[PDB]
Every structure is written in C-alpha cells, then in structure tokens.
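A structural walkthrough
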Amino acid sequence: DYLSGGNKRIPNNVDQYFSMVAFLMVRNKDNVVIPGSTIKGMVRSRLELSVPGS
RNA sequence: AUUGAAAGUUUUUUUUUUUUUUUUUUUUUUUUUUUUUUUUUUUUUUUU
C-alpha cells in the first residue's frame, strides 16, 4: 500500500491468510510433523519406567 | 848487527734500469609437503 502511506487501515494480513496468532506446531513444508526427538524421549521414558534394571 | 835500509798495492766507482701472475670459467641438473580421520553421541517445547 505505497509503503503504507499514512493509511494503516486495511485488514491486509488478517484476511490474506487463515492463521491467527497461536502456538505453532512444528511442521515441514506445510506438513505437520511430530519431532523424532520427542518420540525418542517418550520411548526412553517408557523404557526407563518399565524395565526393572534400568 | 844479513851487501842493507824504508816505504799499506793503496786509493776512487750503489749490480742499477725496463715488466700488474694476467685472460677466459653462472656451485647447477633433477624431486607435487602428501597420506589414512563423518564436527560425532547424550536431551519429549515444555506444568499448579
């Protein structure tokens, strides 16, 4: 908008996309992904709490 | 005390001059600082 020449009155980014301000989940190229580190940590926690001699 | 003698073979003269141990002669010709080595492992973006 011509360097926002003293208007600042259009919704612009609000309506251009469909993502409000929130806590973003980790995703790769618009594909939601569960981190491998998270899965490994969960598995290790389960194994430690389950295996007796851990 | 000889026939019987008293005389320096001496004075004087530079073995000196002319002549560069000199000219030419590159301590160089060759030799890859390479060569084996994964910036790797451990860690749940998360609670009253």
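Residues numbered from 1 in each chain as written, not as in the entry; some residues may be left out. Chains lettered and ligands numbered in written order. Part of a larger assembly, values for the part shown. Heavy atoms only, no water.

In the PDB archive, cryo-EM is given as the structure determination method for this entry, at a resolution of 3.5 Å.

**Focus on the overall build of chain A**
A tally of regular secondary structure across chain A gives 2 helices and 0 strands. Relative to the 2.2 N^0.38 estimate, which gives 10 Å for 54 residues, the radius of gyration of chain A is 22 Å and therefore markedly larger than a compact globule would have. On the principal axes, the C-alpha backbone points of chain A span a range of 70 × 20 × 15 Å. Relative to its full complement of 54 residues, chain A shows a buried share of 0%. Counting only carbon and sulfur atoms, one obtains 61% of the accessible surface of chain A, whose full area is about 5600 Å². The averaged location of the 4 negative side-chain charges in chain A is 8 Å from the averaged location of its 7 positive side-chain charges. (Helix = DSSP H or I, 4+ residues; strand = E, 2+ residues; numbered from the N terminus. Rg over C-alpha atoms; globule rule 2.2 N^0.38 Å. Buried < 20%, exposed > 50% of the residue type's maximum accessible area, 1.4 Å probe, protein only. Areas by Shrake-Rupley, 256 points an atom, 1.4 Å probe, with all protein chains shown as cover. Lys, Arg positive; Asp, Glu negative; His and termini not counted. Charge placed at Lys NZ, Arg CZ, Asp CG, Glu CD.)

**Observations concerning the protein's contact with RNA strand B**
Taken together, the residues surrounding RNA strand B are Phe23, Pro35, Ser37, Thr38, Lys40, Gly41, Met42, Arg44 and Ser45. Of everything in RNA strand B that lies within 4 Å of the protein, sugar and phosphate atoms constitute 67%. Within the side chain of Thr38, a nitrogen or oxygen atom sits 2.3 Å from a phosphate oxygen of RNA strand B. In this structure, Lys40 approaches RNA strand B through a side-chain N or O atom, which is 2.4 Å from a phosphate oxygen. For the surface near RNA strand B, the residue count by class is 3 nonpolar, 4 polar and 2 charged. (Near = heavy atom within 4 Å. Polar contact = N/O pair within 3.5 Å; in protein donor to acceptor, adjacent residues only side chain to side chain. Nonpolar A, V, L, I, M, F, W, Y, C, P; charged D, E, K, R; others polar.)

**Details of a nonpolar patch on the surface**
Taken together, the side chains of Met25, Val26, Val32, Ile34, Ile39, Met42, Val43, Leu47 and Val51 present a nonpolar region at the surface, about 800 Å² in accessible area. Looking at the secondary structure, you find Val32 in the loop between α1 (13-16) and α2 (36-50). (Patch = residues over 30% accessible without salt bridge, like charges linked within 9 Å, V, L, I, M, F, W, Y side chains within 5 Å. Salt bridge = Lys/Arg side-chain N within 4 Å of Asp/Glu carboxyl O.)

**Here we look at the environment of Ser54**
Tracing the backbone through its elements, the reader meets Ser54 in the segment after α2. Setting aside residues no more than four positions away along its own chain, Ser54 makes contact with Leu47 and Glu48. (Contact = heavy atoms within 4.5 Å.)

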